[PDB]
Amino acid sequence: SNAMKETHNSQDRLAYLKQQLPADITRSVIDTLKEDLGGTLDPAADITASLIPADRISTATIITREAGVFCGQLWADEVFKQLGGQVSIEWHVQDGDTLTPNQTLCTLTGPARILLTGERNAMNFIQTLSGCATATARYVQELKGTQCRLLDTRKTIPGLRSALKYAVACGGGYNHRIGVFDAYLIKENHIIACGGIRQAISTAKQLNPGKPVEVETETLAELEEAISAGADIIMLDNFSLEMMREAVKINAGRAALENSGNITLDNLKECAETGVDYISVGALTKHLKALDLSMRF
Amino acid sequence: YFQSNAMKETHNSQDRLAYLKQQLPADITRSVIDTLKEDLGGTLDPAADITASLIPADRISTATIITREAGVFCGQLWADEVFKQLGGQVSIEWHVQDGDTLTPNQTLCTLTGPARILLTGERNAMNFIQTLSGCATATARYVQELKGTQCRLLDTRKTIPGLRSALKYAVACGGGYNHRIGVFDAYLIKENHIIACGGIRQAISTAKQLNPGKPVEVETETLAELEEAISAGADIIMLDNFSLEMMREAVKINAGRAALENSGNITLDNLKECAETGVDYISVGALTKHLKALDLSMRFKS
Ligand SMILES: [Mg+2]
């Protein structure tokens, strides 16, 4: 079925993402350390840490004061590798694990100056990615009892697209297109330009074979036309609950239906209960509620 | 020569405002390039946008970016850079300037150029404006709570990765003040450094020796530690989780000798009350660690 086919598209995207992550992790980490150190990757630039003896070895633990879902160990590991690799980390949690208040995330051991310099940077990644995974899981809870799945969007904090799409995955959400290069999102503008939905879809399939094709519809008539034109996925743009139920009944399980627009944590369940297959939520990646962490020596 | 705490703080702001201005153009370009490459799949070539390829190449369109809620605007330079990086064919007429107060449904800018380029750049430009404006907007909200007081709002090092300079700038646009940019421009002496040096005056004199002009801040958890820190020559004292009465006692003990900065579980609910104790500054991690993006919308006229 088309709904199950989208689950396959989501896994293909997560695969592309995992393949690109090492490079993206290195890039964000370097830029973050550079900003903190003042344009250099030399940890000796941390003036306060220099008040500690050069030879001191210390052990610290990072703890979450809040419940949620963990994400970010790969980024925290890279922070310490970029600082020289002298600090070793024992992780007590894995990406995607549920966290309870005051749970220990990891234990770090190495030169005290390095731990001091890397601590905030490592925590800034963890709190951000964990924050996104945590928000995602809260949204996913609203779908209980339905077969509906949550999708992310292109409304992401700049520089962290791949990290946030990964955190969404860690929180139980699914990935929609990574960018404008991996899937088509056909809208009214494109439909008019090509002279009809079937023509737009055909052009899309001829220009980039294999790329998923999604069509945005604003009315039931458009939906019906997109379904008739064989569309893979149909995005329902600002549909009322009534229109959603009607769309689901009209569709009869043919295409994958995805609702988009003005979705809040407070009305997500009601949207899912109409029978739509997916709900896209820009709030998962456009907003951020960082997980509160503490580092103790 | 004489240098008041007011003068020391102004000097500190001048230095980091100077640092931010010199480094900002490079950070804007760096962040914009990384953001476009993520969206286009490894390249800055707009031809990588497959759905935009369904629009005739020679169409020239006009669109506008609208805010759907009130707040403070920020990010003009980043949105400009998105279009410069995509080829510079898009012309942007701004109807607002960084720092401006916004009302719901207000038009931010009107863009004109090749349709395919507008389609590729729109989300990217919007992602920057919603982020920076969101930060500026939240900051302004905290600043509004400080009105009747002489208290100032400070940022921290708890910032979203890769956006430290952009967010320090957004906090400034929202009316907040910038604390140290990183670990290189000022000291933040804590208990472990004190124990390592054998006391507070020891830590402070060792700091001034190694990096003479760098401002020295000391974090304290008690009134006793506060008094040692001030009498030992700290420029700024960070009060860690002080109660309201401890803050009042702190202000009394200080007698204007050092600048006092509150760092605690301070939110919109208790910001005013904490400010009313007489502390000079309140540092708020929430301004840059969290984000409530400003809700934007792009409307194509043609
Ligand atoms: Mg409910």
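Basis for what follows: all heavy atoms, side chains included, without hydrogens, waters or symmetry-related copies. Lettering of chains follows the sequences in order, A, B, ..., and the numbering in each one begins at 1.
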Open item on the list: Taking side-chain contact (heavy atoms from CB on, under 4.5 Å) as the criterion, tell me which of B:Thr288, B:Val284, B:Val171 meets it with B:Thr139.
Closed with: B:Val171
Task: Residues, nucleotides or ligands: over 12 heavy atoms within 6.0 Å of A:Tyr139 OH - done: yes
Open item on the list: side chain to side chain contact (heavy atoms under 4.5 Å, CB included), that's the test. Do B:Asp15 and B:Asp185 meet it? Break it down for me.
Closed with: CA-CA 9 Å; B:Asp15 291 339; B:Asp185 58 324; over 6 Å; no
Task: side chain to side chain contact (heavy atoms under 4.5 Å, CB included) assessment of A:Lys34 paired with A:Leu41 - done: CA-CA 6 Å; A:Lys34 280 170 60 184; A:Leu41 292 63; 3.4 Å; yes
Task: Non-hydrogen side-chain atoms of A:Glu35 and B:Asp27 separated by less than 4.5 Å - done: yes
Open item on the list: Set out, in order, the CA-CA distance, both residues' side-chain angles and the distance that settles side-chain hydrogen bond (donor to acceptor under 3.5 Å, both in side chains) for B:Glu9 and B:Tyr281, then state yes or no.
Closed with: CA-CA 11 Å; B:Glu9 298 167 16; B:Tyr281 301 105; 2.4 Å; yes
Which pairs would a plain distance check flag for residues 67-86 of chain A, meaning a side-chain donor or acceptor within less than 3.5 Å of a matching protein atom at least two apart in sequence or in another chain?
unit_1, atom_1, unit_2, atom_2, d
A:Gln73, OE1, A:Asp95, N, 2.9
A:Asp77, OD1, A:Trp91, NE1, 2.8
A:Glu78, OE2, A:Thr26, OG1, 2.8
A:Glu78, OE2, A:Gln82, NE2, 2.9

Task: Nearest non-hydrogen partners of A:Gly110 and A:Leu115, listed with the distance - done: O-CD1, 3.8 Å
- [ ] Please round to the nearest 0.5 Å and tell me the distance separating atom OG1 of A:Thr134 and atom CG of A:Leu291.
- [x] 4.5 Å
- [ ] State whether the number of non-hydrogen atoms from other residues, nucleotides or ligands found under 6.0 Å of A:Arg27 atom CZ is greater than 12.
- [x] yes
Task: Contact check, side chains of B:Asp235 and B:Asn12, non-hydrogen atoms, under 4.5 Å - done: no
- [ ] State, yes or no, whether a side-chain contact exists between B:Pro215 and B:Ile236 at a heavy-atom distance under 4.5 Å.
- [x] no
- [ ] Sequence neighbours left out, what pairs pass side chain to side chain donor-acceptor pair (under 3.5 Å) with at least one residue falling in residues 214-232 of chain B?
- [x] B:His179-B:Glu217
Open item on the list: Can you pull out every side chain to side chain donor-acceptor pair (under 3.5 Å) where at least one residue sits in residues 203-212 of chain B? Sequence neighbours excluded, please.
Closed with: B:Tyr187-B:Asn211
Open item on the list: Keeping B:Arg152 on the side-chain end and B:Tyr177 on the backbone end, is there a donor-acceptor pair under 3.5 Å?
Closed with: no
- [ ] Mind jotting down which residue pairs meet the salt bridge (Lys or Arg N to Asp or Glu O under 4.0 Å) criterion with at least one end in residues 238-254 of chain B? Sequence neighbours excluded, please.
- [x] B:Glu245-B:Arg248
TODO: Verify the neighbour count for atom CD of B:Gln202: are there more than 12 heavy atoms of other residues, nucleotides or ligands below 6.0 Å?
DONE: yes
Task: Neighbour count >12 (heavy atoms, 6.0 Å) for atom NE2, B:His95 - done: yes
Open item on the list: Under the side chain to side chain donor-acceptor pair (under 3.5 Å) definition, can you give me all pairs with a residue in residues 41-56 of chain A, not counting sequence neighbours?
Closed with: A:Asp46-A:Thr117
Task: Under 3.5 Å: donor-acceptor pair, side chain of A:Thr100, backbone of A:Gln103 - done: no
- [ ] Please round to the nearest 0.5 Å and tell me the distance separating atom SG of B:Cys274 and atom CG of B:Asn262.
- [x] 6.0 Å
TODO: Report the distance from atom CZ of A:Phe297 to atom NZ of B:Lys190, rounding to the nearest 0.5 Å.
DONE: 8.5 Å
- [ ] Could you note down all residue pairs passing salt bridge (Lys or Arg N to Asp or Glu O under 4.0 Å) where residues 269-279 of chain B supplies at least one of them, sequence neighbours left out?
- [x] B:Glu145-B:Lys272
Task: Heavy-atom pair of closest approach, residues A:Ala45 and A:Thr40 - done: CB-CG2, 4.1 Å
Open item on the list: Is the shortest side-chain heavy-atom distance between B:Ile181 and B:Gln23 below 4.5 Å?
Closed with: no
Task: Between CD1 on residue B:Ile282 and CG on residue B:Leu154, distance to nearest 0.5 Å - done: 9.5 Å
TODO: Could you tell me which non-hydrogen atom of B:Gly176 sits nearest to which non-hydrogen atom of B:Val143, and how far apart they are?
DONE: N-CG2, 4.1 Å
Open item on the list: For B:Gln22, is the CD atom crowded, meaning more than 12 foreign heavy atoms sit under 6.0 Å from it?
Closed with: no
Open item on the list: Are B:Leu153 and B:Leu287 packed together at the side-chain level, in the sense that at least one heavy-atom pair is separated by less than 4.5 angstrom?
Closed with: yes
Open item on the list: For a side chain to side chain contact (heavy atoms under 4.5 Å, CB included) check, start with the C-alpha distance between B:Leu108 and B:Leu102, then their side-chain angles and the critical distance, and finish with the verdict.
Closed with: CA-CA 9 Å; B:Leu108 308 186; B:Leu102 299 168; 3.6 Å; yes
TODO: Apply side chain to side chain contact (heavy atoms under 4.5 Å, CB included) to B:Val96 and B:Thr67, showing your working.
DONE: CA-CA 11 Å; B:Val96 297; B:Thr67 177; over 6 Å; no
Task: side chain to side chain donor-acceptor pair (under 3.5 Å) partners for A:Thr104, two or more places apart - done: none
Task: Closest approach of B:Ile92 to B:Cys109 (non-hydrogen atoms, all atoms of both residues) - done: CG2-CB, 3.9 Å
TODO: Please identify each residue that fulfils side chain to side chain donor-acceptor pair (under 3.5 Å) with B:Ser283, with sequence neighbours left out.
DONE: B:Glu261
Task: Where B:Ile237 and B:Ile230 come nearest, the two heavy atoms and their spacing - done: CG1-CG1, 3.8 Å
TODO: Could you list the residues that satisfy side chain to side chain donor-acceptor pair (under 3.5 Å) with B:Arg68, not counting sequence neighbours?
DONE: B:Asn105
Open item on the list: Is there a side-chain contact between B:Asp34 and A:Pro158 in this structure, where contact means two heavy atoms from C-beta onward sitting under 4.5 Å apart?
Closed with: no
Open item on the list: Is any side-chain heavy atom of B:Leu260 closer than 4.5 Å to one of B:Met247?
Closed with: no
Open item on the list: Testing the basics here: between B:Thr35 and A:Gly159, what is the closest heavy-atom pair and its distance to 0.1 Å?
Closed with: OG1-N, 3.1 Å
Open item on the list: Suppose the criterion is salt bridge (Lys or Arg N to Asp or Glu O under 4.0 Å): which pairs have a residue in residues 287-297 of chain A, not counting sequence neighbours?
Closed with: A:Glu66-A:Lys289
Open item on the list: Measuring from atom CG of B:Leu239 to atom OG of B:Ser263, what distance do you get when rounded to the nearest 0.5 angstrom?
Closed with: 9.0 Å
Open item on the list: Applying salt bridge (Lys or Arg N to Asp or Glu O under 4.0 Å) as the test, list every pair that has at least one member in residues 159-168 of chain A; sequence neighbours left out.
Closed with: A:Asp152-A:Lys165, A:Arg161-B:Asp39
Task: Residue pairs passing the side chain to side chain donor-acceptor pair (under 3.5 Å) test where at least one lies in residues 123-135 of chain B, sequence neighbours excluded - done: B:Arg123-B:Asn127, B:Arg123-B:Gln130, B:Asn127-B:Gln130
Task: Gap between atom CG of B:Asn254 and atom CG of B:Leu223 - 0.5 Å precision - done: 11.5 Å
Task: Any side-chain heavy-atom pair of A:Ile57 and A:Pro111 under 4.5 Å - done: yes
